[PDB]
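Take a look at the structure below.
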Amino acid sequence: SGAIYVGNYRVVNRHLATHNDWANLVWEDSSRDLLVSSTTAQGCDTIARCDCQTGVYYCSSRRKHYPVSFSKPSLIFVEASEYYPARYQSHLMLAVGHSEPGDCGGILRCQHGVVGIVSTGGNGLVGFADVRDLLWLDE
Ligand SMILES: CSc1ccc(Br)cc1CC(=O)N1CCC[C@H](C(N)=O)CC1
Ligand SMILES: [Zn+2]
């Protein structure tokens, strides 16, 4: 689990969005596994606007942060799950690092701010949904 709180927005994995997220929907994209809902309180986070390919992510299944080198956002095949049919997930960055299903929502940060959230993984990989291109989160 986990979310990004920026301005009056809450960014979550679309597959973990709550009834309240859907009732306050701003934007969602199944191909990216992202959903953004509106909030009444001002958020605590800021978003990176950069091309970093290294950073640190929070891994809830280890209660620890780990450093990673990750690929640039791209279209990657993701096998069927209980949440989605077999499809290509867009804006996805892969890295070598531990992850388990419940680790979705962990934040990836570089020195500039939040880069994205855990969205896929397994067998020693961890995949992050990028949010750096969503410029409207800042206004
Ligand atoms: C951190 S995810 C993970 C980690 C380890 C293992 Br084994 C397996 C997973 C994958 C997983 O649980 N899902 C369910 C959530 C949907 C997601 C998606 N973005 O389409 C991909 C599939
Ligand atoms: Zn950066």
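Counting starts at 1 for both ligands and their atoms, in listed order. Side chains included, hydrogens not; waters and symmetry mates left out as well; all remaining heavy atoms used. Here, residue 1 is the first one in the sequence, and each next residue gets the next number.
Using a 4.5 Å cut-off between side-chain heavy atoms of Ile, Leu, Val, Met, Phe, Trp and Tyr, with links allowed through other members, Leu34 and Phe128 fall into different hydrophobic clusters. By the criterion of side-chain heavy atoms lying less than 4.5 angstrom apart, applied directly or through intervening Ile, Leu, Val, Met, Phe, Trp or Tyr residues, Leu35 is not grouped with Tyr84; the two fall into different hydrophobic clusters. Tracing side-chain contacts under 4.5 Å through hydrophobic residues (I, L, V, M, F, W, Y), one reaches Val6 starting from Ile107; they form part of the same cluster. Neither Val131 nor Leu135 shares a network with the other; the hydrophobic side chains, linked directly or stepwise wherever heavy atoms of I, L, V, M, F, W or Y lie under 4.5 Å apart, form separate groups for each. Under the 4.5 Å side-chain heavy-atom criterion for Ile, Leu, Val, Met, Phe, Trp and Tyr, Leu134 and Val114 are members of the same hydrophobic cluster.
Distances below 4.0 Å separate heavy atoms of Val118 from the following atoms of ligand 1: 1 (C). Proximity to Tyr84 (heavy-atom distance under 4.0 Å) selects the following atoms of ligand 1: 20 (O). The contact set between ligand 1 and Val78, taken as ligand atoms under 4.0 Å from a residue heavy atom, comprises 20 (O), 21 (C). In the vicinity of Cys104, heavy-atom distances shorter than 4.0 Å reach the ligand 1 atoms 1 (C), 2 (S).
Looking at atom 7 (Br) of ligand 1, its nearest protein heavy atom turns out to be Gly122 CA, 3.9 Å. If you check which protein heavy atom lies closest to atom 17 (C) of ligand 1, you get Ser119 O, 3.3 Å. Atom 14 (C) of ligand 1 has as its closest protein heavy atom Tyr83 CD1, 3.8 Å. Among protein heavy atoms, the minimum distance from atom 6 (C) of ligand 1 is reached at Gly121 O, 3.6 Å. At the shortest separation from atom 12 (O) of ligand 1 among protein heavy atoms lies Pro101 CB, 3.3 Å. The closest protein non-hydrogen atom to atom 13 (N) of ligand 1 is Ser81 CB, 4.5 Å. The shortest contact between atom 1 (C) of ligand 1 and any protein heavy atom is with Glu100 O, 3.2 Å. Scanning all protein heavy atoms for the shortest distance to atom 5 (C) of ligand 1 gives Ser99 O, 3.4 Å.
With a 4.0 Å heavy-atom cut-off, ligand 1 is reached by the backbone of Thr120 and by its side chain too. When heavy-atom distances to ligand 1 are checked against a 4.0 Å cut-off, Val126 has no atom that comes that close, whether in backbone or side chain. Counting heavy atoms under 4.0 Å from ligand 1, residue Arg87 touches it through the side chain alone. Of all the heavy atoms of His15, the ones lying under 4.0 Å from any atom of ligand 1 belong exclusively to the side chain.
Shown here for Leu92 and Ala129, the closest heavy-atom pair between the two residues is CD1-N, 4.2 Å. Nearest heavy atom pair, residue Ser31 against residue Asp29, reads OG-OD1, 2.6 Å.
Ligand 1 has a nitrogen or oxygen under 3.5 angstrom from a nitrogen or oxygen of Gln89.
Judged by distance alone, the side chain of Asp103 and the main-chain N or O of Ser61 form a donor-acceptor pair under 3.5 Å.
With respect to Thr120, the side chain to side chain contact (heavy atoms under 4.5 Å, CB included) criterion is satisfied by exactly one of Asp33, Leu94, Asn13: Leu94. Remark: of the listed residues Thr39, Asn24, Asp21, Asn20, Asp21 is the sole one forming a side-chain hydrogen bond (donor to acceptor under 3.5 Å, both in side chains) with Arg10.
Rounded to 10°, the angle formed at the Zn ion (ligand 2) by SG of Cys52 and SG of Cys50 is 110°.
Ring orientation note: the planes of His15 and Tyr83 are tilted relative to one another, at an angle of 30° to 60°. The aromatic rings of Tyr66 and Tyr57 sit tilted, their planes meeting at an angle between 30° and 60°.
For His112, the N, O or S atom closest to the Zn ion (ligand 2) goes by the atom name ND1.
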